[PDB]
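Here the sequence shown stands for residues 127 to 281, 291 to 388, where the numbers follow the authors' numbering.
The beta-carbon is built from N, C-alpha and C at its ideal position, and this holds for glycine as well.
To start, the structure under review is shown below, and the notes come after it.
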Amino acid sequence: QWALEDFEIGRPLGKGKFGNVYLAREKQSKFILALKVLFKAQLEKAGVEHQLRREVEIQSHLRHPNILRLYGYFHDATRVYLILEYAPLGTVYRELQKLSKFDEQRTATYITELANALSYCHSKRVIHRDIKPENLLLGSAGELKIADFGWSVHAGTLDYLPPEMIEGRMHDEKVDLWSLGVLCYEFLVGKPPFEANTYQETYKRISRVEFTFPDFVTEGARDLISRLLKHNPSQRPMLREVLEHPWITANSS
Ligand SMILES: Cc1nn(C)cc1-c1nc2c(-c3cnn(Cc4cccc(C(=O)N5CCN(C)CC5)c4)c3)c(Cl)cnc2[nH]1
């Protein structure tokens with residue numbers, strides 16, 4: 127049973143369409159954490175109380191070192207507050223816009239941590255679906271941490296969604312293997328494989344699987360990425376096969 131007077135709000139960690147994320151500390155234990163604030167009124171206009179209750183339900187008792195812990199929740203009359211873990215080193219997003227590109231060691235390392243987190247999620251019949259750099263945070267040691275679970279369920292922005300999911304078809308655990316491939320590409324190139332200027336256009340890119348490699352992208356990476364980005368959901372590797380991929384094993388930590 128929590129309240130809003132239990133916390134001292136501080137620096138804004140970022141703003142979102144659902145609401146803003148603020149740094150906060152619990153008064154009694156002096157515990158530092160992230161406090162996401164969402165307005166109940168703007169939540170009704172979107173009608174996603176099922177996904178917020180599902181995101182809370184799913185991310186609650188999910189315990190993994192590469193997954194952002196959801197400690198608890200509460201609410202006043204006006205809004206709805208979520209009590210999350212705090213990621214000291216921030217997001218991978220800003221990390222990416224600062225370095226522009228990632229080296230193969232950082233990329234392969236992130237992919238590994240992400241596969242461990244995904245392999246843990248998949249063993250519980252939980253699909254993240256919405257895997258993107260904006261939902262990737264960093265721990266005190268710089269480890270990866272998957273945060274948002276708004277679109278998470280059991281078995291918009293198109294850049295990371297797979298062919299089957301965008302065409303309205305039936306999607307399974309393999310939608311994350313595609314996302315995992317899209318993220319790997321962006322880490323090495325700095326932009327998504329199917330990036331465009333219009334929604335209508337990116338849709339064609341994804342559905343036809345039209346992507347090309349810049350020169351500086353080695354063969355090891357071109358192989359892993361091409362395997363993950365198959366139109367056929369069954370043609371994609373397992374999380375086991377990904378982890379034990381030559382390029383991953385060679386450059387990961
Ligand atoms: C930031 C930050 N800096 N440092 C040192 C730490 C953080 C930090 N953030 C979180 C978050 C968190 C999840 N989503 N957000 C808001 C958000 C989402 C996506 C991107 C940004 C961001 O960094 N932006 C800066 C650049 N502009 C352009 C675009 C926005 C912000 C914050 C959570 Cl849930 C938990 N712990 C955190 N720690």
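Residue i: CB within 7 Å of a non-hydrogen atom of ligand 1
i           : result
residue 143 : no
residue 381 : no
residue 326 : no
residue 234 : no
residue 260 : yes
residue 178 : no
residue 225 : no
Residue i classed as buried or exposed, judged by whether at least 16 other C-beta atoms fall within 10 angstroms
i           : result
residue 237 : buried
residue 306 : buried
residue 161 : buried
residue 283 : Because the chain is numbered 281 and then 291 with no intervening positions, residue 283 cannot be located in this model.
residue 334 : exposed
residue 353 : exposed
residue 204 : exposed
CB of residue i within 8 Å of CB of residue j, strictly
i           : j           : result
residue 283 : residue 255 : Coordinates for residue 283 are simply not present: the residues of the chain run from 281 and resume at 291.
residue 184 : residue 278 : yes
residue 133 : residue 164 : no
residue 257 : residue 281 : no
Host beta strand (DSSP E) of residue i (start-end)
i           : result
residue 150 : 145-152
residue 289 : Missing from the coordinates is residue 289; the shown part of the chain jumps over it, going from 281 to 291.
residue 198 : 196-200
residue 322 : Premise fails: residue 322 lies in the alpha helix (DSSP H), 310-324, not in any beta strand (DSSP E).
residue 160 : 158-165
Spatial distance of residue i from residue j (CA atoms)
i           : j           : result
residue 229 : residue 323 : 7 Å
residue 206 : residue 314 : 30 Å
residue 371 : residue 359 : 10 Å
residue 348 : residue 167 : 45 Å
residue 151 : residue 214 : 14 Å
residue 351 : residue 227 : 11 Å
residue 189 : residue 195 : 7 Å
residue 282 : residue 386 : Looking at the chain, the numbering goes 281 and then 291, which leaves residue 282 without any coordinates in this model.
Boundaries of the alpha helix (DSSP H) in which residue i is found, first to last residue
i           : result
residue 299 : 298-301
residue 218 : 218-225
residue 383 : 381-386
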